[PDB]
Amino acid sequence: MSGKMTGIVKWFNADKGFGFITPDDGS
Amino acid sequence: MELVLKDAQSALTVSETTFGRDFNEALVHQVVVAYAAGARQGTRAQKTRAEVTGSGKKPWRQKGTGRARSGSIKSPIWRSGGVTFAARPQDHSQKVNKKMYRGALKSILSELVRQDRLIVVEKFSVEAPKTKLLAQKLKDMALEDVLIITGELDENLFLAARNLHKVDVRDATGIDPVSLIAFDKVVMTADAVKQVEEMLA
Amino acid sequence: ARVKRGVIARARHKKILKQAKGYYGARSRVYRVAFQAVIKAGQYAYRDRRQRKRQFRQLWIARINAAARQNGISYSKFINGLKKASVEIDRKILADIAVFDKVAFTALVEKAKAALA
Amino acid sequence: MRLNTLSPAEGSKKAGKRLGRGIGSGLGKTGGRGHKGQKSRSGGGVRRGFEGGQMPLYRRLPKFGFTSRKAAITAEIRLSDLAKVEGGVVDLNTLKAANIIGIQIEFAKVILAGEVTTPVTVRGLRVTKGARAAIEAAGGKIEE
Amino acid sequence: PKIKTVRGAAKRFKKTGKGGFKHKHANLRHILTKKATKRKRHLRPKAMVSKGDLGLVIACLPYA
RNA sequence: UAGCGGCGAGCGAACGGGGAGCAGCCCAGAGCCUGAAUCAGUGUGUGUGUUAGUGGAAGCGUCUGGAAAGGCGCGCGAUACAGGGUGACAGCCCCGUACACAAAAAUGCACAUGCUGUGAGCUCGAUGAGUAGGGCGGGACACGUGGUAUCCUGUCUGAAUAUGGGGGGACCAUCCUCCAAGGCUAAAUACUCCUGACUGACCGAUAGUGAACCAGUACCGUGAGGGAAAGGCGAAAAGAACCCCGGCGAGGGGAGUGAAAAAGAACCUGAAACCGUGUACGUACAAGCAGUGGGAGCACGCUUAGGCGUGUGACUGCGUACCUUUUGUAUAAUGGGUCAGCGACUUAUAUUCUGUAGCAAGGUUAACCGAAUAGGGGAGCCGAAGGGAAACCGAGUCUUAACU
Ligand SMILES: [Mg+2]
Ligand SMILES: [Mg+2]
Ligand SMILES: [Mg+2]
Ligand SMILES: [Mg+2]
Ligand SMILES: [Mg+2]
Ligand SMILES: [Mg+2]
Ligand SMILES: [Mg+2]
Ligand SMILES: [Mg+2]
Ligand SMILES: [Mg+2]
Ligand SMILES: [Mg+2]
Ligand SMILES: [Mg+2]
Ligand SMILES: [Mg+2]
Ligand SMILES: [Mg+2]
Ligand SMILES: [Mg+2]
Ligand SMILES: [Mg+2]
Ligand SMILES: [Mg+2]
Ligand SMILES: [Mg+2]
Ligand SMILES: [Mg+2]
Ligand SMILES: [Mg+2]
Ligand SMILES: [Mg+2]
Ligand SMILES: [Mg+2]
Ligand SMILES: [Mg+2]
Ligand SMILES: [Mg+2]
Ligand SMILES: [Mg+2]
Ligand SMILES: [Mg+2]
Ligand SMILES: [Mg+2]
Ligand SMILES: [Mg+2]
Ligand SMILES: [Mg+2]
Ligand SMILES: [Mg+2]
Ligand SMILES: [Mg+2]
Ligand SMILES: [Mg+2]
Ligand SMILES: [Mg+2]
Ligand SMILES: [Mg+2]
Ligand SMILES: [Mg+2]
Ligand SMILES: [Mg+2]
Ligand SMILES: [Mg+2]
Ligand SMILES: [Mg+2]
Ligand SMILES: [Mg+2]
Ligand SMILES: [Mg+2]
Ligand SMILES: [Mg+2]
Ligand SMILES: [Mg+2]
Ligand SMILES: [Mg+2]
Ligand SMILES: [Mg+2]
Ligand SMILES: [Mg+2]
Ligand SMILES: [Mg+2]
């Protein structure tokens, strides 16, 4: 019921939460 | 070339190169196609991705997200996107050479003679502009689907023939190959024969 | 213009999905899997029209070799007997006689032994 | 002869290629383009005369000559064009009236090509030797 | 629209009677005291465009 | 094309020709005759529109069917068979259409005319100075400073003035042509916020405007701004009285309406993915792209029992998905959860080639006119001759003093 905002821009990933789980060993 | 007349049962001398030519079907088909392409109005358009109401902003960033790359919401692969090769109003008229147009008319008048679909009368008039009078005259002629070409301007005949869809009335100048084919019988005034022979040598 | 393709794509998918009856799972339900499974079935059918002719000849030969060794001669001695006696009976018919009419197979064996002796 | 009895000539209408509509058409996924080139790209291809970065032939080779403005206002005339005029006299204004040489033309030669039969007076034009012999044989009188 | 002529090729080539193109030879513009006179004498006259490079010429010169 | 051009990429005329349309005037100044043309304004009158409207032809019977406009008969109208609606497809049921008319009042446009203002014509003159031109620096001309004409001017200068001056693509001479440094001017031309009529080999609800629906809305964003989804009961609500279970529920079963309720408002048709119930067969000692070839048995139909079909498939031979990319993939390389819908070699103009058709040493028109896909229009374009840088020569020509 007026239930939008589910997968619109997936801000889910616009969060872009910091990656690179301290693995700069692959250098 | 001699054309026997329906009503007075006389003859009429015509040019054999005009009314006895062999039927060149590929020429006639080319002219009939170009006539029907000339009738074509060609009024349409769709919207490209340039012309769709929208914004030129990327719906999401290029990388990092898990989704496919996208640059525009106006993309022709989206719902309510543009058409990829959206059409424009275009002109479908073809060129027909003058000698090819006359070759086709001289061909199909030779074929209507050979198929006995051509009727020659001296005069074809209706006194008062009444479709009842015209339908009576065509019933006496045993005609239903007919083209009536007349070398003059008869207004009562035009009005009495305007409501009948089986019947069309032309001037001898305003004749066309697709009508000469689409109608079952063709009635020519002997004067209209003289004018057609003069235009067509 | 604007050809709308629902009717055509439906009948085209249903032609495949009818061919995929009996298959397990999505192979009988899902066009992407069924078409991928129908093609393999046509490949196997083309192959096994060739392998049918191998496998039955192999079955016939093994039955002739059994019935001939029951009558005291090998297969390879028995075919050479029938070549030297000119008997042009193919080994479908020899397997059928070896099953249903053992007397006629015995007579063929004795013809082959007399053709070698 | 009806509108549903007409048919074109054989070989007149050819169908035309439709790329990217299946394996059986031949023009399959790539459509005559190969794989992973510049030519296969949309709008791809190199311009005219591009030989790679090698110096193209139209720049290896030197320029030569110039353009004569007088050549644009000179013309050559067949002998078969001499009958197409009226009056039996041939000038520049007569040939321009006959729509042979064009308006801006100021000089013309007559060349032995085709043949003339009627006697034709030629006036104010250069004439070759063979055209002079053919005109004088047909009764002409070359003057100025 | 009309095709535009490559104007350098229009300054370098001329169409002949049978459709071939004539052109001037190269190597006759400078540094001429070390070249033999036989070489220069065989470089003064115009030559025909070869069959291999005639396609790029026709593509550059559509209006003959 | 001529030209311009790191002479590259590319830019790209003009003269001239065919057409549409055509219109010329005034002040730099005095007089003479004086209000004379025209224009403007303002009235009136007439006509024609516009802003409401009016009339407008002609059909019955029977069959099927819920319903006739349909079928089958028999008529009639038509200057009206454009179109739309009506319980299924209506020339004659309705609204209209053709045609014929119509405005108290306002207003446009034409003429005509009144009034106001305006000046007309003739003669003799005058003939646009910090201007033209120049130097420097830039820009525009197709023309990128080049040998660069012409135009504009930021800066510094600076003429003659009809016996004079400008241009004719450096420049000079001759000749031709024109008169700058003051102005005005209709038409052909460009466009469509908007209105009316009509049309479409344009779409038919993921299409077409973003929007067929209370859409630039809901919603998001501080804001500029972004920006949706969502159509259809039936001919007519006749939209389910009443009864029953249930919470004075929801929901359902009747009954009733209706042609139809597997049209009941979560409402035309209702596919697939997906999830169930029922029936048949198979399956709990059996190893893998799940099929294919063989094949027992079981169940079910037909049949003259002949045995065929149909479903299942014990056991058994063989058998490592598809796409893409690759020297090469079962590959533990990419891609795809599935279904349904959409989704990619087009269009325009030039050009070459092939085919085909027309005419043929000729072929063909464009603009435009034209009521008009005709016909006219041959301006032009290609071709029938080439060679040469070119003048030029010409079935030859160029090279060269000249070619065996
Ligand atoms: Mg931006
Ligand atoms: Mg759209
Ligand atoms: Mg024409
Ligand atoms: Mg299924
Ligand atoms: Mg690829
Ligand atoms: Mg490669
Ligand atoms: Mg390639
Ligand atoms: Mg692109
Ligand atoms: Mg290099
Ligand atoms: Mg001409
Ligand atoms: Mg030099
Ligand atoms: Mg009325
Ligand atoms: Mg009426
Ligand atoms: Mg009704
Ligand atoms: Mg119905
Ligand atoms: Mg002046
Ligand atoms: Mg100046
Ligand atoms: Mg100067
Ligand atoms: Mg300057
Ligand atoms: Mg100055
Ligand atoms: Mg000047
Ligand atoms: Mg000059
Ligand atoms: Mg002036
Ligand atoms: Mg929409
Ligand atoms: Mg729908
Ligand atoms: Mg939308
Ligand atoms: Mg807000
Ligand atoms: Mg209830
Ligand atoms: Mg319905
Ligand atoms: Mg439904
Ligand atoms: Mg279903
Ligand atoms: Mg068991
Ligand atoms: Mg078991
Ligand atoms: Mg297992
Ligand atoms: Mg089998
Ligand atoms: Mg892939
Ligand atoms: Mg490869
Ligand atoms: Mg590799
Ligand atoms: Mg392998
Ligand atoms: Mg694996
Ligand atoms: Mg993989
Ligand atoms: Mg890779
Ligand atoms: Mg994946
Ligand atoms: Mg082509
Ligand atoms: Mg052709």
# chains A, B, ... in the order shown; residues from 1 in each chain; ligands from 1

$ residues_around --residues "residue 358 of chain F" --least-positions-apart "5" --cutoff "10 Å" --atoms "only C-alpha atoms (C1' of nucleotides)" --output "ChimeraX atom specification"
/B:27,96-104

$ residues_near_ligand --ligand "ligand 12" --cutoff "9 Å" --atoms "only C-alpha atoms (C1' of nucleotides) and all ligand atoms" --output "count of residues only"
5

$ residues_around --residues "segment 6-13 of chain E" --least-positions-apart "4" --cutoff "6 Å" --atoms "only C-alpha atoms (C1' of nucleotides)" --output "PyMOL selection string"
(chain D and resi 58+63) or (chain E and resi 21-23+60)

$ write_last_selection --atoms "N, CA, C and O atoms" --output "tab-separated table (two decimals), in the first residue's frame"
chain	number	residue	atom	x	y	z
D	58	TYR	N	48.03	9.07	-52.34
D	58	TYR	CA	47.72	10.43	-52.76
D	58	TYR	C	48.56	11.46	-52.04
D	58	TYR	O	48.33	12.65	-52.21
D	63	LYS	N	51.75	16.48	-56.78
D	63	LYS	CA	50.81	17.26	-57.56
D	63	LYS	C	51.41	17.64	-58.91
D	63	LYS	O	52.63	17.73	-59.06
E	21	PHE	N	43.92	5.74	-64.32
E	21	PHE	CA	44.38	7.00	-63.78
E	21	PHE	C	45.86	7.17	-64.09
E	21	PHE	O	46.64	6.24	-63.93
E	22	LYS	N	46.23	8.34	-64.59
E	22	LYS	CA	47.63	8.67	-64.78
E	22	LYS	C	48.14	9.45	-63.58
E	22	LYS	O	47.39	10.13	-62.88
E	23	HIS	N	49.45	9.35	-63.35
E	23	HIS	CA	50.07	10.07	-62.26
E	23	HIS	C	51.53	10.34	-62.57
E	23	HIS	O	52.16	9.64	-63.36
E	60	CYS	N	38.56	7.49	-53.49
E	60	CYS	CA	38.82	8.90	-53.23
E	60	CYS	C	38.31	9.81	-54.33
E	60	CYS	O	38.08	10.99	-54.07

$ residues_near_ligand --ligand "ligand 23" --cutoff "12 Å" --atoms "only C-alpha atoms (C1' of nucleotides) and all ligand atoms" --output "count of residues only"
7

$ select_by_dssp --residues "chain E" --states "helix (DSSP H, G or I)" --output "number ranges by chain"
E: 7-10, 37-41, 54-60

$ residues_near_ligand --ligand "ligand 31" --cutoff "12 Å" --atoms "only C-alpha atoms (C1' of nucleotides) and all ligand atoms" --output "PyMOL selection string"
(chain C and resi 29) or (chain F and resi 270-276+339)

$ residues_near_ligand --ligand "ligand 39" --cutoff "9 Å" --atoms "only C-alpha atoms (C1' of nucleotides) and all ligand atoms" --output "ChimeraX atom specification"
/F:320,329-331

$ write_last_selection --atoms "N, CA, C and O atoms (P, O5', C5', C4', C3', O3' and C1' of nucleotides)" --output "PDB file, in the first residue's frame"
ATOM      1  P     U F 320      30.817 -38.808 -22.764  1.00  0.00           P
ATOM      2  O5'   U F 320      30.508 -37.333 -22.293  1.00  0.00           O
ATOM      3  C5'   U F 320      29.231 -37.018 -21.781  1.00  0.00           C
ATOM      4  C4'   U F 320      29.324 -36.053 -20.638  1.00  0.00           C
ATOM      5  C3'   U F 320      29.705 -34.639 -21.010  1.00  0.00           C
ATOM      6  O3'   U F 320      28.571 -33.889 -21.410  1.00  0.00           O
ATOM      7  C1'   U F 320      30.986 -35.374 -19.155  1.00  0.00           C
ATOM      8  P     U F 329      37.329 -25.790 -27.757  1.00  0.00           P
ATOM      9  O5'   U F 329      37.129 -26.049 -26.206  1.00  0.00           O
ATOM     10  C5'   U F 329      37.658 -27.229 -25.627  1.00  0.00           C
ATOM     11  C4'   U F 329      37.238 -27.416 -24.197  1.00  0.00           C
ATOM     12  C3'   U F 329      35.731 -27.369 -23.966  1.00  0.00           C
ATOM     13  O3'   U F 329      35.335 -28.394 -23.067  1.00  0.00           O
ATOM     14  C1'   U F 329      36.810 -25.835 -22.544  1.00  0.00           C
ATOM     15  P     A F 330      34.478 -29.625 -23.623  1.00  0.00           P
ATOM     16  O5'   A F 330      33.650 -30.111 -22.369  1.00  0.00           O
ATOM     17  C5'   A F 330      32.273 -29.811 -22.273  1.00  0.00           C
ATOM     18  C4'   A F 330      31.770 -30.062 -20.884  1.00  0.00           C
ATOM     19  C3'   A F 330      32.265 -29.093 -19.827  1.00  0.00           C
ATOM     20  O3'   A F 330      31.372 -28.014 -19.635  1.00  0.00           O
ATOM     21  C1'   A F 330      32.709 -31.316 -19.148  1.00  0.00           C
ATOM     22  P     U F 331      31.613 -26.608 -20.356  1.00  0.00           P
ATOM     23  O5'   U F 331      33.180 -26.406 -20.247  1.00  0.00           O
ATOM     24  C5'   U F 331      33.724 -25.574 -19.239  1.00  0.00           C
ATOM     25  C4'   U F 331      34.024 -26.321 -17.969  1.00  0.00           C
ATOM     26  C3'   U F 331      34.953 -25.555 -17.043  1.00  0.00           C
ATOM     27  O3'   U F 331      34.737 -25.942 -15.693  1.00  0.00           O
ATOM     28  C1'   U F 331      36.001 -27.521 -17.679  1.00  0.00           C
TER      29        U F 331
END

$ residues_near_ligand --ligand "ligand 41" --cutoff "8 Å" --atoms "only C-alpha atoms (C1' of nucleotides) and all ligand atoms" --output "list in words"
residues 331, 332, 333 and 334 of chain F

$ write_last_selection --atoms "N, CA, C and O atoms (P, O5', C5', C4', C3', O3' and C1' of nucleotides)" --output "PDB file, in the first residue's frame"
ATOM      1  P     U F 331      31.613 -26.608 -20.356  1.00  0.00           P
ATOM      2  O5'   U F 331      33.180 -26.406 -20.247  1.00  0.00           O
ATOM      3  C5'   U F 331      33.724 -25.574 -19.239  1.00  0.00           C
ATOM      4  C4'   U F 331      34.024 -26.321 -17.969  1.00  0.00           C
ATOM      5  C3'   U F 331      34.953 -25.555 -17.043  1.00  0.00           C
ATOM      6  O3'   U F 331      34.737 -25.942 -15.693  1.00  0.00           O
ATOM      7  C1'   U F 331      36.001 -27.521 -17.679  1.00  0.00           C
ATOM      8  P     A F 332      33.453 -25.427 -14.888  1.00  0.00           P
ATOM      9  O5'   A F 332      34.006 -25.266 -13.407  1.00  0.00           O
ATOM     10  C5'   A F 332      34.523 -24.016 -12.974  1.00  0.00           C
ATOM     11  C4'   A F 332      35.988 -24.060 -12.611  1.00  0.00           C
ATOM     12  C3'   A F 332      36.895 -24.813 -13.571  1.00  0.00           C
ATOM     13  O3'   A F 332      38.159 -24.152 -13.665  1.00  0.00           O
ATOM     14  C1'   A F 332      37.092 -25.734 -11.420  1.00  0.00           C
ATOM     15  P     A F 333      38.548 -23.286 -14.961  1.00  0.00           P
ATOM     16  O5'   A F 333      37.258 -22.401 -15.234  1.00  0.00           O
ATOM     17  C5'   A F 333      37.097 -21.166 -14.562  1.00  0.00           C
ATOM     18  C4'   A F 333      37.146 -19.993 -15.503  1.00  0.00           C
ATOM     19  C3'   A F 333      35.830 -19.279 -15.747  1.00  0.00           C
ATOM     20  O3'   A F 333      35.502 -18.341 -14.744  1.00  0.00           O
ATOM     21  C1'   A F 333      36.882 -19.684 -17.803  1.00  0.00           C
ATOM     22  P     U F 334      33.980 -18.138 -14.280  1.00  0.00           P
ATOM     23  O5'   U F 334      33.367 -17.171 -15.377  1.00  0.00           O
ATOM     24  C5'   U F 334      34.035 -15.977 -15.729  1.00  0.00           C
ATOM     25  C4'   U F 334      33.367 -15.274 -16.880  1.00  0.00           C
ATOM     26  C3'   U F 334      31.867 -15.122 -16.740  1.00  0.00           C
ATOM     27  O3'   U F 334      31.489 -14.011 -15.964  1.00  0.00           O
ATOM     28  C1'   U F 334      32.388 -15.852 -18.918  1.00  0.00           C
TER      29        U F 334
END

$ residues_near_ligand --ligand "ligand 1" --cutoff "10 Å" --atoms "only C-alpha atoms (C1' of nucleotides) and all ligand atoms" --output "PyMOL selection string"
chain B and resi 56-58

$ write_last_selection --atoms "N, CA, C and O atoms" --output "PDB file, in the first residue's frame"
ATOM      1  N   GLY B  56      19.358  13.050 -18.688  1.00  0.00           N
ATOM      2  CA  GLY B  56      20.555  12.413 -19.184  1.00  0.00           C
ATOM      3  C   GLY B  56      21.499  12.013 -18.075  1.00  0.00           C
ATOM      4  O   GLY B  56      22.714  12.184 -18.192  1.00  0.00           O
ATOM      5  N   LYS B  57      20.953  11.480 -16.993  1.00  0.00           N
ATOM      6  CA  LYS B  57      21.724  11.077 -15.833  1.00  0.00           C
ATOM      7  C   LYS B  57      21.792   9.567 -15.686  1.00  0.00           C
ATOM      8  O   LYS B  57      20.797   8.867 -15.887  1.00  0.00           O
ATOM      9  N   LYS B  58      22.969   9.080 -15.314  1.00  0.00           N
ATOM     10  CA  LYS B  58      23.163   7.656 -15.146  1.00  0.00           C
ATOM     11  C   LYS B  58      22.306   7.146 -13.999  1.00  0.00           C
ATOM     12  O   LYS B  58      22.365   7.698 -12.898  1.00  0.00           O
TER      13      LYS B  58
END

$ residues_near_ligand --ligand "ligand 45" --cutoff "10 Å" --atoms "only C-alpha atoms (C1' of nucleotides) and all ligand atoms" --output "PDB file with N, CA and C atoms (P, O5', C5', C4', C3', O3' and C1' of nucleotides), in the first residue's frame"
ATOM      1  N   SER D  12      13.636  -9.363 -60.798  1.00  0.00           N
ATOM      2  CA  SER D  12      13.516  -7.929 -60.619  1.00  0.00           C
ATOM      3  C   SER D  12      13.629  -7.560 -59.155  1.00  0.00           C
TER       4      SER D  12
ATOM      5  P     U F 354      27.847  -4.255 -64.005  1.00  0.00           P
ATOM      6  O5'   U F 354      26.766  -5.221 -63.358  1.00  0.00           O
ATOM      7  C5'   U F 354      27.164  -6.487 -62.879  1.00  0.00           C
ATOM      8  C4'   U F 354      26.094  -7.176 -62.069  1.00  0.00           C
ATOM      9  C3'   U F 354      24.776  -7.355 -62.784  1.00  0.00           C
ATOM     10  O3'   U F 354      24.752  -8.416 -63.702  1.00  0.00           O
ATOM     11  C1'   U F 354      24.365  -6.649 -60.588  1.00  0.00           C
ATOM     12  P     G F 355      23.877  -8.256 -65.028  1.00  0.00           P
ATOM     13  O5'   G F 355      22.402  -8.454 -64.479  1.00  0.00           O
ATOM     14  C5'   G F 355      21.997  -9.701 -63.955  1.00  0.00           C
ATOM     15  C4'   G F 355      20.736  -9.586 -63.141  1.00  0.00           C
ATOM     16  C3'   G F 355      19.506  -9.150 -63.906  1.00  0.00           C
ATOM     17  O3'   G F 355      18.925 -10.206 -64.633  1.00  0.00           O
ATOM     18  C1'   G F 355      19.633  -7.951 -61.892  1.00  0.00           C
ATOM     19  P     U F 356      18.444  -9.956 -66.135  1.00  0.00           P
ATOM     20  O5'   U F 356      17.148  -9.065 -65.954  1.00  0.00           O
ATOM     21  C5'   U F 356      16.028  -9.587 -65.271  1.00  0.00           C
ATOM     22  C4'   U F 356      15.050  -8.510 -64.909  1.00  0.00           C
ATOM     23  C3'   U F 356      14.582  -7.654 -66.061  1.00  0.00           C
ATOM     24  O3'   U F 356      13.577  -8.263 -66.839  1.00  0.00           O
ATOM     25  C1'   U F 356      15.134  -6.278 -64.241  1.00  0.00           C
ATOM     26  P     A F 357      13.479  -7.919 -68.399  1.00  0.00           P
ATOM     27  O5'   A F 357      12.773  -6.501 -68.438  1.00  0.00           O
ATOM     28  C5'   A F 357      11.449  -6.350 -67.973  1.00  0.00           C
ATOM     29  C4'   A F 357      11.051  -4.902 -67.891  1.00  0.00           C
ATOM     30  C3'   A F 357      11.310  -4.061 -69.128  1.00  0.00           C
ATOM     31  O3'   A F 357      10.348  -4.220 -70.150  1.00  0.00           O
ATOM     32  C1'   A F 357      12.011  -2.882 -67.227  1.00  0.00           C
TER      33        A F 357
END

$ residues_around --residues "residue 15 of chain A" --least-positions-apart "5" --cutoff "12 Å" --atoms "only C-alpha atoms (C1' of nucleotides)" --output "list in words"
residues 9 and 10 of chain A; 60, 61, 64 and 65 of chain B

$ interface_residues --of "chain D" --to "chain E" --cutoff "8 Å" --atoms "only C-alpha atoms" --output "list in words"
residues 48, 49, 57, 58, 59, 60, 61, 62, 63, 64 and 65 of chain D

$ residues_near_ligand --ligand "ligand 44" --cutoff "12 Å" --atoms "only C-alpha atoms (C1' of nucleotides) and all ligand atoms" --output "list in words"
residues 349, 350, 351, 352, 353, 354 and 355 of chain F

$ write_last_selection --atoms "C-alpha atoms (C1' of nucleotides)" --output "PDB file, in the first residue's frame"
ATOM      1  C1'   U F 349      20.860  11.837 -50.049  1.00  0.00           C
ATOM      2  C1'   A F 350      24.796  11.064 -53.263  1.00  0.00           C
ATOM      3  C1'   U F 351      27.766   7.165 -55.814  1.00  0.00           C
ATOM      4  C1'   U F 352      29.330   2.287 -58.076  1.00  0.00           C
ATOM      5  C1'   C F 353      27.967  -2.719 -59.516  1.00  0.00           C
ATOM      6  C1'   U F 354      24.365  -6.649 -60.588  1.00  0.00           C
ATOM      7  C1'   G F 355      19.633  -7.951 -61.892  1.00  0.00           C
TER       8        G F 355
END

$ interface_residues --of "chain F" --to "chain E" --cutoff "12 Å" --atoms "only C-alpha atoms (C1' of nucleotides)" --output "list in words"
residues 1, 3, 4, 5, 7, 8, 9, 10, 11, 12, 348, 349, 350, 351, 352, 382, 385, 386, 387, 388, 389, 398 and 399 of chain F

$ residues_near_ligand --ligand "ligand 21" --cutoff "12 Å" --atoms "only C-alpha atoms (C1' of nucleotides) and all ligand atoms" --output "list in words"
residues 131, 132, 133, 134, 149, 150, 151, 152, 165, 166, 167, 180 and 181 of chain F

$ closest_atom_pairs --of "chain A" --to "chain F" --cutoff "12 Å" --atoms "only C-alpha atoms (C1' of nucleotides)" --output "JSON lines"
{"residue": "A:1", "atom": "CA", "partner": "F:218", "partner_atom": "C1'", "distance": 11.9}
{"residue": "A:2", "atom": "CA", "partner": "F:218", "partner_atom": "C1'", "distance": 8.5}
{"residue": "A:3", "atom": "CA", "partner": "F:219", "partner_atom": "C1'", "distance": 10.4}
{"residue": "A:4", "atom": "CA", "partner": "F:219", "partner_atom": "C1'", "distance": 8.4}
{"residue": "A:5", "atom": "CA", "partner": "F:219", "partner_atom": "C1'", "distance": 9.0}
{"residue": "A:8", "atom": "CA", "partner": "F:220", "partner_atom": "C1'", "distance": 10.3}
{"residue": "A:9", "atom": "CA", "partner": "F:220", "partner_atom": "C1'", "distance": 10.8}

$ residues_near_ligand --ligand "ligand 22" --cutoff "10 Å" --atoms "only C-alpha atoms (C1' of nucleotides) and all ligand atoms" --output "PDB file with N, CA, C and O atoms (P, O5', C5', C4', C3', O3' and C1' of nucleotides), in the first residue's frame"
ATOM      1  P     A F 149      44.272  42.712 -50.164  1.00  0.00           P
ATOM      2  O5'   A F 149      43.414  43.459 -51.266  1.00  0.00           O
ATOM      3  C5'   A F 149      43.969  43.701 -52.542  1.00  0.00           C
ATOM      4  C4'   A F 149      42.938  43.546 -53.623  1.00  0.00           C
ATOM      5  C3'   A F 149      41.575  44.110 -53.295  1.00  0.00           C
ATOM      6  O3'   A F 149      41.469  45.496 -53.517  1.00  0.00           O
ATOM      7  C1'   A F 149      41.332  41.943 -54.190  1.00  0.00           C
ATOM      8  P     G F 168      38.515  45.761 -57.836  1.00  0.00           P
ATOM      9  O5'   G F 168      38.081  45.111 -59.221  1.00  0.00           O
ATOM     10  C5'   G F 168      36.992  44.204 -59.285  1.00  0.00           C
ATOM     11  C4'   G F 168      36.475  44.051 -60.690  1.00  0.00           C
ATOM     12  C3'   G F 168      37.487  43.553 -61.704  1.00  0.00           C
ATOM     13  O3'   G F 168      37.600  42.143 -61.706  1.00  0.00           O
ATOM     14  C1'   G F 168      36.326  45.418 -62.576  1.00  0.00           C
ATOM     15  P     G F 169      39.024  41.447 -61.487  1.00  0.00           P
ATOM     16  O5'   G F 169      39.222  41.510 -59.916  1.00  0.00           O
ATOM     17  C5'   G F 169      40.202  42.352 -59.335  1.00  0.00           C
ATOM     18  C4'   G F 169      41.177  41.590 -58.480  1.00  0.00           C
ATOM     19  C3'   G F 169      41.888  40.435 -59.165  1.00  0.00           C
ATOM     20  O3'   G F 169      43.230  40.376 -58.692  1.00  0.00           O
ATOM     21  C1'   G F 169      40.678  39.628 -57.307  1.00  0.00           C
ATOM     22  P     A F 170      44.393  41.112 -59.519  1.00  0.00           P
ATOM     23  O5'   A F 170      45.349  41.717 -58.402  1.00  0.00           O
ATOM     24  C5'   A F 170      44.939  41.760 -57.047  1.00  0.00           C
ATOM     25  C4'   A F 170      46.071  42.126 -56.132  1.00  0.00           C
ATOM     26  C3'   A F 170      46.578  43.542 -56.293  1.00  0.00           C
ATOM     27  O3'   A F 170      45.812  44.491 -55.580  1.00  0.00           O
ATOM     28  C1'   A F 170      48.402  42.063 -56.313  1.00  0.00           C
ATOM     29  P     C F 171      45.467  45.905 -56.246  1.00  0.00           P
ATOM     30  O5'   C F 171      46.763  46.226 -57.105  1.00  0.00           O
ATOM     31  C5'   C F 171      47.811  46.989 -56.543  1.00  0.00           C
ATOM     32  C4'   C F 171      48.878  47.313 -57.551  1.00  0.00           C
ATOM     33  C3'   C F 171      48.435  48.164 -58.720  1.00  0.00           C
ATOM     34  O3'   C F 171      48.382  49.536 -58.410  1.00  0.00           O
ATOM     35  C1'   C F 171      49.705  46.364 -59.517  1.00  0.00           C
TER      36        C F 171
END
